[PDB]
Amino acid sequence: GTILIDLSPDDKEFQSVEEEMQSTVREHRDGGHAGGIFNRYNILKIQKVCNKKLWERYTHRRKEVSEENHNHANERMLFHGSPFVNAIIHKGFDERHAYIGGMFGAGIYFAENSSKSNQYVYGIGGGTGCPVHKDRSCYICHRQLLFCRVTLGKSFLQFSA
């Protein structure tokens, strides 16, 4: 049920998504081990993901959270990086996409820093890097991130090193 619509680089929607990608890059405490050494990206394509069933799945739950939190979904746009991006865009997020060993328990993790999500694209800790060169810092191979609408509702605040 999923279709992918390309955005033209001229579409202001392409431009605002690119700007969130680029402007939320940071340096990482691992010196680039997990995700590679870079200060910015070359954006090859941005596609709108359309799936009516998955969208209605999202908005149904959104209204439930909202109704439990004085009509405030507390909705954000956040990045997700995963080896399972293709299963995610076709079948939606579920338990198979959770980070069992995450610092806040076994859930589905999202980042404000694009460069944080980039560290997970080839797996946990960058896995063994790109399929073709086994290079966590590969400058050649094409990577994919998701920029996601996430309902946070009432969020438990965890201060954390």
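Residue numbers here begin at 1 and follow the sequence given. Here the rigid core means the biggest group of C-alpha atoms that line up within 1.5 Å when the two forms are laid on top of each other.
- When the other structures are laid on the shown form by the rigid core, the stretch among 65-73 and 93-101 with the greater C-alpha deviation in 9 other deposited structures of this protein turns out to be 93-101.
- The mean C-alpha temperature factor is higher for 8-16 when 141-149 and 8-16 are set side by side.
- Here 129-137 and 58-66 are compared by their mean Cα B-factor, and 129-137 comes out higher.
- When the modelled residues of the chain are ordered by C-alpha B-factor, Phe104 sits in the highest third.
- In this PDB entry, the Cα temperature factor of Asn74 sits in the bottom third of its chain's modelled residues, the lowest group.
- Among the modelled residues of its chain, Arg26 has a C-alpha B-factor that falls in the lowest third, as given in the PDB entry.
- Ranked by Cα temperature factor within the chain, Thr2 sits in the middle third according to the deposited record.
- In the PDB entry, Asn113 places in the lowest third of its chain by CA B-factor.
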